[PDB]
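Trainee: For reference, the structure I am asking about is given below.
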Amino acid sequence: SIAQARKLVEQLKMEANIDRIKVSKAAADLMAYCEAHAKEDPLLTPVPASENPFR
Amino acid sequence: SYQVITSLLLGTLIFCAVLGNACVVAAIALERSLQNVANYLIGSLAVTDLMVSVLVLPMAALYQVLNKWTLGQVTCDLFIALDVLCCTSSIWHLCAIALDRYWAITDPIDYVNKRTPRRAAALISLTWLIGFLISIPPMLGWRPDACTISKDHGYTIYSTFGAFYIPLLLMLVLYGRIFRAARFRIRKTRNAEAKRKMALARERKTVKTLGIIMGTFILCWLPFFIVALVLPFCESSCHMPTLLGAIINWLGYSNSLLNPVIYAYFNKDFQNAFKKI
Amino acid sequence: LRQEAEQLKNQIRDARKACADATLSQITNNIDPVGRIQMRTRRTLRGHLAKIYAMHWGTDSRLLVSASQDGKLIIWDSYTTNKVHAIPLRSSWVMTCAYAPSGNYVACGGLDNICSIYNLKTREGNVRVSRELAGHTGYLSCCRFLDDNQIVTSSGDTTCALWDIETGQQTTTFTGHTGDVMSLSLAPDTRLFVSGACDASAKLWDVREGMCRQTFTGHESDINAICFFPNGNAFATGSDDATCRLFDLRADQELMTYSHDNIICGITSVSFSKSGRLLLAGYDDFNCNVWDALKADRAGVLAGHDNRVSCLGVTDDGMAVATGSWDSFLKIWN
Amino acid sequence: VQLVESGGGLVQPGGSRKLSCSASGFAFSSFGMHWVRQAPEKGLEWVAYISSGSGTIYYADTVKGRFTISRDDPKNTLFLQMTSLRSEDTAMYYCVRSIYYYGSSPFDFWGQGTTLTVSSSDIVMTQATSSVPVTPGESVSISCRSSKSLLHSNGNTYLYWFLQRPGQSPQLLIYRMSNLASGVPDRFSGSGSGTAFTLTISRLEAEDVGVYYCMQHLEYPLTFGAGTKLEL
Amino acid sequence: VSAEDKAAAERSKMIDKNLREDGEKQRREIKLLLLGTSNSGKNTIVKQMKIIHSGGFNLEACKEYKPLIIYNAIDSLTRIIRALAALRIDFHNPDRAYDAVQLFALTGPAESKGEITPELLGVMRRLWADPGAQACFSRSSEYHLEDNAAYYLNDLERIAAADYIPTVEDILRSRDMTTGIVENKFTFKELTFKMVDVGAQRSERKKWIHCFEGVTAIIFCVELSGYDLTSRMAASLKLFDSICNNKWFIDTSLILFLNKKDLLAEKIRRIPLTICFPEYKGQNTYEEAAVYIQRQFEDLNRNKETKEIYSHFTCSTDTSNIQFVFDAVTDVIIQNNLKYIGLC
Ligand SMILES: CC(C)CCC[C@@H](C)[C@H]1CC[C@H]2[C@@H]3CC=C4C[C@@H](O)CC[C@]4(C)[C@H]3CC[C@]12C
Ligand SMILES: CC(C)CCC[C@@H](C)[C@H]1CC[C@H]2[C@@H]3CC=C4C[C@@H](O)CC[C@]4(C)[C@H]3CC[C@]12C
Ligand SMILES: CCCN(CCC)[C@@H]1CCc2cccc(O)c2C1
């Protein structure tokens with residue numbers, strides 16, 4: 001289908017016309033989000049059994 | 001050394017019987033996939049064989065090792081009642097399993113619709129009821145450094161018939177009808193050569209399975225019940241050698257040793273459950 | 001046009017490579033690894049009599065709904081293991097369930113090609129079907145409530161859809177996936193969402209626009225699981241090729257791959273921790289794996305299921321993880 | 001959704017009658033049902049509780065043994081057989097819809113009641129204030145005090161607030177302490193901690209006139225407070 | 001555990017009790033999935049199993065099928081009329097255009113209530129009898145029109161009757177409304193079947209097929225006459241190979257229904273069966289061609305000794321279909337029992 005191919009090309013074209021950050025900044029952002037909430041992560045650091053509602 | 005070798009062999013047999021039965025019960029209790037009506041019956045048979053192996057084989061082993069009943073008379077009555085109860089119930093679990101399998105192969109509609117663990121519970125209750133009805137008579141009204149069962153000709157007929165010969169007929173008939181149905185189903189089921197080879201292989205498998213079941217039951221128990229029906233009638237003509245009579249007794253007990261092997265340890269589902277544990 | 005499409009694909013690949021300065025491992029190579037996550041089964045939720053295909057935690061982090069092939073949708077109090085509701089489905093062939101963020105509704109769907117919305121809080125004491133969302137021509141693989149009136153559903157007809165539950169109409173159809181769409185993850189602000197499909201592609205969608213913002217293709221096989229990172233700037237996918245991948249929305253990349261050599265089974269479900277440092281992925285090999293989302297090493301294993309771990313979810317407070325499985329049990333870990 | 005009580009009427013003391021309530025418009029089988037009575041001029045007094053499935057039944061110690069509570073799930077009918085009907089058994093008996101799961105709203109619907117007239121360790125919930133005078137549009141706060149901590153260790157405070165509007169059955173307002181029942185305007189608010197509780201009406205209207213009742217659901221003698229009336 | 005926690009626990013216990021009751025009810029259900037190809041016979045096999053139960057004219061079953069036949073008859077007019085727009089064929093009498101909207105105006109009312117009103121009967125009678133649509137029906141090769149339209153259109157009077165009783169021939173040609181999943185409960189000789197027909201499933205099998213891991217058996221419907229009717233029997237062979245040799249259905253026996261055998265009996269007289277199978281090298285008569293077709297389907301079966309194929313030439317006249325399914329399911333149950341007992 002020519003219509004399918006032209007729709008696909010239009011989609012790809014508007015895929016490419018977006019702004020990409022560096023993977024350095026992306027990895028750093030996920031890092032910093034993880035340290036910024038590591039204290040607030042009951043699975044990373046087990047909470048005391050008084051603080052644990054499943055116990 | 002005669003005490004040592006006999007003690008070690010009986011103790012190893014008691015340990016293996018206890019371990020096998022307890023392992024069967026544990027595997028059924030642990031793994032979820034083993035809560036079948038069929039496996040409820042098999043594990044109940046293992047419970048009954050465990051009660052044999054824990055409440056009978058120790059005292060029977062002592063009575064065998066010391067060549068005399070060094071316990072008391074009330075303990076003799078308790079040991080006789082427990083031995084008869086547990087062994088009769090073990091044999092009738094063999095029957096309950098046979099009847100379950102016969103209904104599983106000849107009644108698929110009952111298998112799907114009506115077969116619920118209430119039926120396994122009913123079968124186990126019946127096996128224990130029959131064990132009680134065989135074990136209480138001489139405690140109540142059917143009766144010297146020895147512990148022997150009531151040798152009433154009436155009670156000999158009643159107990160040996162009701163605890164082994166009636167079960168012998170039931171298992172023979174049920175597994176005969178099972179063999180006939182299994183072979184009929186195989187008959188219902190280069191390509192022709194492959195199908196014929198498969199059909200004969202399955203028939204060989206059926207006869208091997210039924211041979212293992214019925215042959216172990218018969219070889220373990222029938223010597224004992226031939227002896228136990230004949231001797232109380234042979235006042236003086238029949239004298240039973242001690243080594244013989246003990247070998248026959250402990251074949252009867254090796255039946256409770258061997259029931260898990262036939263019924264659980266040979267089951268591929270039990271093997272999977274054990275491997276996963 | 002095909003030549004132009006391949007040229008545009010090459011252009012996007014080169015633009016993606018131009019933005020790949022340093023791998024996520026290299027940047028995170030210095031962080032102290034999490035030691036080894038000893039989550040233990042705090043609750044076992046028993047009551048499903050068939051395979052569990054989906055569970056969803058409530059936003060109160062205490063209720064969860066689960067869907068099983070036994071035709072029941074059960075709501076659990078995970079603190080007490082009490083079953084709050086048991087909703088009987090018209091179709092037992094349910095593959096997905098969603099729990100409304102308000103808690104007033106659950107959704108479920110599957111081979112019936114319908115998302116059914118269930119009114120949990122009715123004036124009568126029963127849970128009733130409030131809406132039957134017909135319009136998908138394949139099974140529903142995932143559904144996620146935007147709010148009480150909006151829900152996004154993915155389907156085997158290769159289309160995601162946004163629905164208006166009041167009217168029951170597809171407010172937006174999200175076409176573009178060539179294979180079966182197996183999963184959704186709404187962004188935390190729910191302005192956009194990702195979907196993973198059997199064409200091994202993850203597509204970032206705009207809920208309001210209705211258009212595919214980005215397409216993420218790194219997997220070698222069907223993507224069964226997808227999950228946004230807690231900040232909504234990344235998402236993780238779990239595929240049949242025994243690997244998980246972390247994709248970044250802004251970098252438009254595949255930052256990290258969560259694979260092990262002795263892992264050959266596919267991933268049924270992925271989820272993140274509250275801080276997002278853990279990627280908890282359920283596997284066909286019967287056991288869930290805890291991954292360090294930043295260093296790509298298994299922190300822990302949630303072994304404890306006797307069949308395929310089909311579904312999992314981490315509470316909104318991050319306290320506990322529930323894993324459903326084909327062995328018909330939900331286990332709360334902690 | 002309705003509950004319709006039947007029975008009542010003049011009963012000779014020491015006699016016997018059976019109360020019935022027909023449930024309509026809801027899944028009556030899935031609701032624990034209560035009987036709550038009100039002496040012809042006094043506050044509310046809980047009578048009995050048959051749970052959903054009838055597996056659990058409780059009675060007020062004042063009527064235990066004399067009353068039996070029963071339900072007809074196929075008939076959607078709640079029953080109370082009354083025996084040895086004293087003079088203190090005169091009251092207006094309310095059947096109360098009540099469902100218990102996580103986040104449920106117990107005591108949320110009440111029947112119309114049937115007046116029954118006869119010829120002639122419990123937690124003490126205290127709301128000693130009565131007949132609070134107040135004018136429309138004005139914030140008012142009703143206190144409630146508890147002889148025990150209604151705060152359970154599970155985090156709930158099993159304090160309920162009802163509204164006996166004049167000639168009307170009680171309307172649940174606040175089911176567990178600080179939980180607004182559905183259909184209650186979002187100006188009522190419950191507050192408290194431990195034993196002291198407050199129901200603050202933000203901007204009251206002509207509908208808020210009536211009697212406001214405490215109720216603890218921490219234990220099963222279910223005890224109320226002497227309702228604090230609002231009067232224009 | 002407060003009073004309310006106790007009542008919540010009691011509620012959970014009642015829920016568990018109902019869940020066990022429901023699971024015990026569903027455990028006695030025998031789940032079979034119909035899994036034939038596009039024009040194979042799955043729908044007509046389910047319909048025939050419902051109808052012929054205890055007499056060929058179990059009319060109570062025929063009552064539920066009146067709305068479907070009505071919908072097929074109603075859609076038949078909609079399909080034929082709408083075919084004019086694509087075929088650019090004008091109605092002989094332009095007055096049909098007013099009636100053309102009339103059918104669509106009553107199309108919603110008829111389908112929702114499952115009845116054909118007298119006004120629609122006149123509208124249907126006029127529209128069908130118009131020569132312009134008559135040419136449109138004759139050009140059905142380019143339009144999406146079900147083959148059942150011809151018979152219903154010739155008897156719209158019978159269809160619209162107040163006491164209309166659908167006939168077996170009428171029902172068996174009806175086309176079940178495309179629905180993602182279709183479930184049919186059958187109780188035959190104390191055995192309850194659930195024939196789970198996955199209908200129009202516009203998705204890949206490999207994703208939804210494991211939902212039927214634990215079915216008792218698969219019923220695979222094959223059209224015998226379809227060997228020369230876009231490679232219909234080749235499609236059935238591909239589907240059967242995939243389903244039979246599926247990793248999920250290793251121990252799941254397949255009930256192979258070979259449908260439309262009499263139609264095959266005519267078609268081989270006319271068309272040689274070598275067209276579908278160039279390597280047939282066999283006689284082109286029935287009871288030879290049919291056995292050949294079974295042989296291909298059952299030779300696609302790998303991994304024998306775990307699963308068996310129960311081939312049946314379906315007879316819509318008799319209850320041999322439901323009886324064969326009962327016999328095959330009984331054999332499946334009994335073989336499974338023989339297997340864990342270890343005999344076979
Ligand atoms: C004291 C213990 C060892 C007794 C054990 C009895 C066992 C070892 C004996 C007794 C009966 C015998 C079986 C009798 C019949 C058959 C069927 C035949 O087709 C295969 C051999 C097979 C299956 C035999 C296997 C060995 C067997 C089961
Ligand atoms: C593996 C099992 C089934 C093999 C059979 C074990 C049984 C039948 C055999 C093995 C060891 C045997 C015992 C060996 C020692 C003695 C002491 C002797 O003075 C009397 C016989 C007696 C008591 C034998 C009884 C039978 C016996 C217990
Ligand atoms: C080897 C088994 C030996 N014991 C007791 C003999 C010392 C059996 C128990 C079962 C049973 C049942 C009925 C009648 C019987 O005599 C017996 C005797």
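In the structure tokens, each chain is lettered A, B, ... as it comes, each chain's residues begin at 1, and ligands are numbered from 1 in order of appearance.
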Please report as CSV every residue of chain B lying within 10 Å of ligand 2, along with the nearest atom pair and their distance in Å (one decimal), using only C-alpha atoms and all ligand atoms.
Mentor:
residue,atom,partner,partner_atom_place_in_ligand_line,distance
B:2,CA,ligand 2,19 (O),7.3
B:3,CA,ligand 2,17 (C),8.2
B:4,CA,ligand 2,15 (C),9.6
B:5,CA,ligand 2,15 (C),6.8
B:6,CA,ligand 2,15 (C),4.4
B:7,CA,ligand 2,15 (C),7.9
B:8,CA,ligand 2,15 (C),8.7
B:9,CA,ligand 2,11 (C),5.3
B:10,CA,ligand 2,28 (C),5.7
B:11,CA,ligand 2,28 (C),9.2
B:12,CA,ligand 2,11 (C),9.1
B:13,CA,ligand 2,6 (C),7.0
B:14,CA,ligand 2,28 (C),9.6
B:16,CA,ligand 2,1 (C),8.9
B:17,CA,ligand 2,1 (C),9.6
B:60,CA,ligand 2,23 (C),9.9
B:61,CA,ligand 2,23 (C),8.1
B:64,CA,ligand 2,23 (C),6.5
B:65,CA,ligand 2,17 (C),7.5
B:67,CA,ligand 2,19 (O),8.6
B:216,CA,ligand 2,3 (C),9.4
B:220,CA,ligand 2,8 (C),8.1
B:241,CA,ligand 2,20 (C),9.8
B:242,CA,ligand 2,20 (C),6.9
B:243,CA,ligand 2,20 (C),4.4
B:244,CA,ligand 2,21 (C),6.9
B:245,CA,ligand 2,21 (C),7.7
B:246,CA,ligand 2,21 (C),4.7
B:247,CA,ligand 2,25 (C),3.8
B:248,CA,ligand 2,26 (C),6.9
B:249,CA,ligand 2,25 (C),7.2
B:250,CA,ligand 2,26 (C),4.8
B:251,CA,ligand 2,8 (C),4.3
B:252,CA,ligand 2,8 (C),7.9
B:253,CA,ligand 2,8 (C),7.7
B:254,CA,ligand 2,3 (C),5.0
B:255,CA,ligand 2,3 (C),7.3
B:256,CA,ligand 2,3 (C),9.2
B:257,CA,ligand 2,3 (C),6.7
B:258,CA,ligand 2,3 (C),6.5
Trainee: Could you write those residues out with N, CA and C atoms, as a compact mmCIF listing (two decimals), in the first residue's frame?
Mentor:
# COMPACT_ATOMS: atom_id res chain seq x y z
N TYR B 2 24.40 -63.34 66.88
CA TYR B 2 23.06 -63.62 66.38
C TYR B 2 22.09 -62.51 66.76
N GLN B 3 22.24 -61.97 67.97
CA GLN B 3 21.48 -60.79 68.34
C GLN B 3 21.92 -59.57 67.53
N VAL B 4 23.22 -59.45 67.27
CA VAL B 4 23.73 -58.27 66.59
C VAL B 4 23.24 -58.22 65.14
N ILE B 5 23.40 -59.33 64.41
CA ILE B 5 23.06 -59.33 62.99
C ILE B 5 21.55 -59.17 62.80
N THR B 6 20.77 -59.90 63.59
CA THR B 6 19.32 -59.76 63.53
C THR B 6 18.88 -58.36 63.92
N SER B 7 19.48 -57.80 64.97
CA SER B 7 19.13 -56.46 65.40
C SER B 7 19.43 -55.45 64.31
N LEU B 8 20.59 -55.57 63.66
CA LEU B 8 20.95 -54.62 62.62
C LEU B 8 20.04 -54.76 61.41
N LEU B 9 19.72 -55.98 60.99
CA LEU B 9 18.86 -56.13 59.82
C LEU B 9 17.45 -55.64 60.11
N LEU B 10 16.88 -56.03 61.25
CA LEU B 10 15.56 -55.53 61.60
C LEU B 10 15.56 -54.02 61.78
N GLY B 11 16.61 -53.47 62.39
CA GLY B 11 16.67 -52.03 62.59
C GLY B 11 16.83 -51.27 61.29
N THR B 12 17.64 -51.79 60.37
CA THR B 12 17.76 -51.17 59.06
C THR B 12 16.44 -51.24 58.31
N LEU B 13 15.72 -52.35 58.44
CA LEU B 13 14.43 -52.47 57.78
C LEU B 13 13.41 -51.52 58.41
N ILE B 14 13.45 -51.36 59.73
CA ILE B 14 12.56 -50.42 60.40
C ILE B 14 12.90 -49.00 60.00
N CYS B 16 14.37 -48.01 57.19
CA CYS B 16 13.98 -47.80 55.80
C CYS B 16 12.47 -47.71 55.66
N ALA B 17 11.72 -48.53 56.40
CA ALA B 17 10.27 -48.45 56.35
C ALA B 17 9.78 -47.11 56.88
N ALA B 60 7.70 -55.78 67.57
CA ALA B 60 7.89 -57.05 66.88
C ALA B 60 9.37 -57.36 66.70
N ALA B 61 10.18 -56.34 66.41
CA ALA B 61 11.62 -56.54 66.30
C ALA B 61 12.23 -56.94 67.63
N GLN B 64 11.39 -60.47 68.31
CA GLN B 64 12.19 -61.32 67.45
C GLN B 64 13.64 -61.40 67.89
N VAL B 65 14.21 -60.29 68.35
CA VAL B 65 15.62 -60.26 68.72
C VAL B 65 15.85 -61.05 70.01
N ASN B 67 13.99 -63.36 71.28
CA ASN B 67 13.34 -64.66 71.20
C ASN B 67 12.22 -64.82 72.22
N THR B 216 4.05 -58.23 44.52
CA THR B 216 4.58 -57.80 45.81
C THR B 216 3.59 -58.07 46.92
N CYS B 220 4.66 -60.91 49.62
CA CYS B 220 4.93 -60.42 50.96
C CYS B 220 3.95 -60.99 51.97
N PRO B 241 9.10 -74.31 61.47
CA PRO B 241 10.45 -73.93 61.90
C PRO B 241 10.52 -72.46 62.30
N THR B 242 11.34 -72.19 63.32
CA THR B 242 11.44 -70.83 63.83
C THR B 242 11.99 -69.88 62.77
N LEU B 243 13.09 -70.27 62.12
CA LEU B 243 13.66 -69.43 61.08
C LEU B 243 12.66 -69.18 59.98
N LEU B 244 11.93 -70.22 59.58
CA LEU B 244 10.90 -70.07 58.58
C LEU B 244 9.86 -69.07 59.05
N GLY B 245 9.17 -69.38 60.16
CA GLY B 245 8.10 -68.53 60.63
C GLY B 245 8.50 -67.08 60.78
N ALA B 246 9.73 -66.83 61.23
CA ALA B 246 10.21 -65.45 61.32
C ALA B 246 10.40 -64.83 59.94
N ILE B 247 10.92 -65.60 58.97
CA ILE B 247 11.09 -65.05 57.63
C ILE B 247 9.74 -64.69 57.02
N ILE B 248 8.75 -65.56 57.19
CA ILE B 248 7.39 -65.25 56.75
C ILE B 248 6.81 -64.03 57.46
N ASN B 249 6.98 -63.93 58.78
CA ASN B 249 6.51 -62.72 59.47
C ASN B 249 7.13 -61.47 58.85
N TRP B 250 8.43 -61.48 58.68
CA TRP B 250 9.08 -60.25 58.26
C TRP B 250 8.96 -60.00 56.77
N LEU B 251 8.51 -60.98 55.99
CA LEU B 251 7.99 -60.67 54.66
C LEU B 251 6.68 -59.91 54.76
N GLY B 252 5.79 -60.34 55.66
CA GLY B 252 4.57 -59.59 55.88
C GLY B 252 4.84 -58.15 56.28
N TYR B 253 5.87 -57.93 57.10
CA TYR B 253 6.25 -56.56 57.47
C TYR B 253 6.99 -55.84 56.35
N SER B 254 7.80 -56.56 55.59
CA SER B 254 8.42 -55.95 54.43
C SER B 254 7.38 -55.47 53.45
N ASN B 255 6.15 -55.96 53.54
CA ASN B 255 5.10 -55.36 52.72
C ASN B 255 4.90 -53.90 53.06
N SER B 256 4.86 -53.56 54.35
CA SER B 256 4.74 -52.15 54.72
C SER B 256 6.01 -51.40 54.37
N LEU B 257 7.13 -52.10 54.31
CA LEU B 257 8.33 -51.49 53.76
C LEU B 257 8.16 -51.14 52.28
N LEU B 258 7.51 -52.02 51.52
CA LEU B 258 7.52 -51.98 50.06
C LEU B 258 6.34 -51.26 49.45
Trainee: As a quick test: using only C-alpha atoms and all ligand atoms, which residues lie no more than 8 Å away from ligand 3? Give them as a PDB file with C-alpha atoms, in the first residue's frame.
Mentor:
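That gives us out.pdb:
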ATOM      1  CA  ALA B  60       7.892 -57.048  66.876  1.00  0.00           C
ATOM      2  CA  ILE B  80      -1.112 -57.633  69.065  1.00  0.00           C
ATOM      3  CA  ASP B  83      -0.050 -55.199  64.710  1.00  0.00           C
ATOM      4  CA  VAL B  84      -3.382 -56.598  63.532  1.00  0.00           C
ATOM      5  CA  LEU B  85      -4.940 -53.131  63.216  1.00  0.00           C
ATOM      6  CA  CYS B  86      -2.129 -51.563  61.258  1.00  0.00           C
ATOM      7  CA  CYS B  87      -1.420 -54.533  58.994  1.00  0.00           C
ATOM      8  CA  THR B  88      -5.096 -55.132  58.189  1.00  0.00           C
ATOM      9  CA  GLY B 131      -8.609 -53.134  60.815  1.00  0.00           C
ATOM     10  CA  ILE B 134     -10.199 -57.587  62.922  1.00  0.00           C
ATOM     11  CA  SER B 135      -8.144 -56.395  65.904  1.00  0.00           C
ATOM     12  CA  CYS B 147       2.935 -62.849  72.522  1.00  0.00           C
ATOM     13  CA  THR B 148       0.747 -64.730  70.030  1.00  0.00           C
ATOM     14  CA  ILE B 149      -2.553 -63.934  68.354  1.00  0.00           C
ATOM     15  CA  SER B 150      -5.757 -65.736  69.335  1.00  0.00           C
ATOM     16  CA  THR B 156      -8.344 -67.654  62.519  1.00  0.00           C
ATOM     17  CA  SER B 159      -9.227 -62.674  60.755  1.00  0.00           C
ATOM     18  CA  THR B 160      -7.167 -64.238  57.972  1.00  0.00           C
ATOM     19  CA  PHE B 161     -10.131 -64.238  55.594  1.00  0.00           C
ATOM     20  CA  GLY B 162     -11.282 -60.750  56.506  1.00  0.00           C
ATOM     21  CA  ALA B 163      -7.795 -59.242  56.422  1.00  0.00           C
ATOM     22  CA  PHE B 164      -6.012 -60.955  53.595  1.00  0.00           C
ATOM     23  CA  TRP B 221       1.679 -61.474  52.599  1.00  0.00           C
ATOM     24  CA  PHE B 224       2.062 -65.454  56.203  1.00  0.00           C
ATOM     25  CA  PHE B 225      -1.628 -66.031  55.763  1.00  0.00           C
ATOM     26  CA  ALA B 228      -1.665 -68.288  59.790  1.00  0.00           C
ATOM     27  CA  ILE B 248       7.391 -65.252  56.751  1.00  0.00           C
ATOM     28  CA  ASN B 249       6.511 -62.720  59.468  1.00  0.00           C
ATOM     29  CA  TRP B 250       9.077 -60.252  58.262  1.00  0.00           C
ATOM     30  CA  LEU B 251       7.991 -60.671  54.664  1.00  0.00           C
ATOM     31  CA  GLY B 252       4.569 -59.586  55.881  1.00  0.00           C
ATOM     32  CA  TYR B 253       6.246 -56.560  57.473  1.00  0.00           C
TER      33      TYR B 253
END
Trainee: Could I get the residues of chain B with an atom no further than 8 Å from an atom of ligand 1, each paired with its nearest atom pair and that distance in Å to one decimal, using only C-alpha atoms and all ligand atoms, sorted by chain and residue number, as CSV?
Mentor:
residue,atom,partner,partner_atom_place_in_ligand_line,distance
B:204,CA,ligand 1,19 (O),6.3
B:205,CA,ligand 1,19 (O),7.7
B:207,CA,ligand 1,19 (O),5.1
B:208,CA,ligand 1,23 (C),4.0
B:209,CA,ligand 1,23 (C),6.2
B:210,CA,ligand 1,17 (C),7.0
B:211,CA,ligand 1,15 (C),3.7
B:212,CA,ligand 1,28 (C),3.5
B:213,CA,ligand 1,28 (C),6.7
B:214,CA,ligand 1,11 (C),7.1
B:215,CA,ligand 1,11 (C),3.6
B:216,CA,ligand 1,6 (C),4.2
B:217,CA,ligand 1,6 (C),7.8
B:218,CA,ligand 1,10 (C),7.9
B:219,CA,ligand 1,4 (C),6.0
B:220,CA,ligand 1,4 (C),6.1
B:251,CA,ligand 1,1 (C),6.3
B:254,CA,ligand 1,1 (C),6.8
B:255,CA,ligand 1,2 (C),7.9
B:258,CA,ligand 1,2 (C),7.5
Trainee: Could you write those residues out with N, CA and C atoms, as a tab-separated table (two decimals), in the first residue's frame?
Mentor:
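Wrote result16.tsv, looks like this:
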chain	number	residue	atom	x	y	z
B	204	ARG	N	2.91	-54.62	27.50
B	204	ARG	CA	3.99	-55.06	28.36
B	204	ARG	C	4.10	-54.18	29.59
B	205	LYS	N	3.92	-52.87	29.42
B	205	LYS	CA	3.95	-51.95	30.55
B	205	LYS	C	2.81	-52.24	31.53
B	207	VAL	N	1.24	-55.15	32.00
B	207	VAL	CA	1.45	-56.41	32.69
B	207	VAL	C	2.59	-56.28	33.69
B	208	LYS	N	3.61	-55.49	33.37
B	208	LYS	CA	4.67	-55.27	34.34
B	208	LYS	C	4.16	-54.54	35.57
B	209	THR	N	3.36	-53.49	35.37
B	209	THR	CA	2.83	-52.75	36.51
B	209	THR	C	1.94	-53.62	37.38
B	210	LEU	N	1.02	-54.36	36.76
B	210	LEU	CA	0.13	-55.21	37.54
B	210	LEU	C	0.89	-56.36	38.19
B	211	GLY	N	1.90	-56.89	37.51
B	211	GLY	CA	2.73	-57.90	38.13
B	211	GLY	C	3.44	-57.37	39.35
B	212	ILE	N	4.04	-56.19	39.24
B	212	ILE	CA	4.73	-55.62	40.39
B	212	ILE	C	3.77	-55.46	41.56
B	213	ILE	N	2.62	-54.84	41.31
B	213	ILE	CA	1.65	-54.60	42.38
B	213	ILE	C	1.22	-55.92	43.01
B	214	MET	N	0.57	-56.77	42.22
B	214	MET	CA	-0.05	-57.96	42.78
B	214	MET	C	0.99	-58.94	43.29
B	215	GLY	N	2.12	-59.06	42.60
B	215	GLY	CA	3.16	-59.95	43.05
B	215	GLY	C	3.79	-59.53	44.35
B	216	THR	N	4.05	-58.23	44.52
B	216	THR	CA	4.58	-57.80	45.81
B	216	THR	C	3.59	-58.07	46.92
B	217	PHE	N	2.32	-57.72	46.69
B	217	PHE	CA	1.31	-57.99	47.71
B	217	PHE	C	1.30	-59.47	48.07
B	218	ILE	N	1.23	-60.34	47.06
B	218	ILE	CA	1.09	-61.77	47.29
B	218	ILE	C	2.35	-62.34	47.93
B	219	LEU	N	3.51	-62.07	47.35
B	219	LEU	CA	4.74	-62.63	47.88
B	219	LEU	C	5.03	-62.14	49.29
B	220	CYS	N	4.66	-60.91	49.62
B	220	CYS	CA	4.93	-60.42	50.96
B	220	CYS	C	3.95	-60.99	51.97
B	251	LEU	N	8.51	-60.98	55.99
B	251	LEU	CA	7.99	-60.67	54.66
B	251	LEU	C	6.68	-59.91	54.76
B	254	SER	N	7.80	-56.56	55.59
B	254	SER	CA	8.42	-55.95	54.43
B	254	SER	C	7.38	-55.47	53.45
B	255	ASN	N	6.15	-55.96	53.54
B	255	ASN	CA	5.10	-55.36	52.72
B	255	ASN	C	4.90	-53.90	53.06
B	258	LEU	N	7.51	-52.02	51.52
B	258	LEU	CA	7.52	-51.98	50.06
B	258	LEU	C	6.34	-51.26	49.45
Trainee: Residue 207 in chain D: which residues within 12 Å, counting only C-alpha atoms, same-chain residues fewer than 4 positions away excluded, as a list in words?
Mentor: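 Near neighbours after the sequence-gap exclusion: residues 135, 136, 137, 163, 164, 165, 166, 168, 171, 184, 185, 188, 201, 203, 211, 230, 231 and 232 of chain D.
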Trainee: When you get a sec, could you note down which chain D residues fall within 12 Å of chain A, using only C-alpha atoms, as an NGL selection string?
Mentor: :D and (153-155)
Trainee: In Å, how far is it from CA of residue 172 in chain E to CA of residue 43 in chain E?
Mentor: 8.3 Å
Trainee: Could I get the residues of chain E with an atom no further than 7 Å from an atom of chain C, each paired with its nearest atom pair and that distance in Å to one decimal, using only C-alpha atoms, sorted by chain and residue number, as CSV?
Mentor:
residue,atom,partner,partner_atom,distance
E:8,CA,C:82,CA,6.8
E:9,CA,C:82,CA,5.9
E:12,CA,C:83,CA,4.7
E:15,CA,C:86,CA,6.7
E:16,CA,C:47,CA,6.3
E:19,CA,C:47,CA,6.9
E:23,CA,C:49,CA,6.3
E:180,CA,C:112,CA,4.7
E:181,CA,C:112,CA,4.9
E:201,CA,C:138,CA,5.2
E:202,CA,C:138,CA,4.7
E:203,CA,C:156,CA,4.7
E:204,CA,C:180,CA,6.9
E:211,CA,C:93,CA,7.0
Trainee: Kindly provide, as a ChimeraX atom specification, the residues of chain E having any atom no farther than 8 Å from an atom of chain D, counting only C-alpha atoms.
Mentor: /E:1-5,7-9,11,14
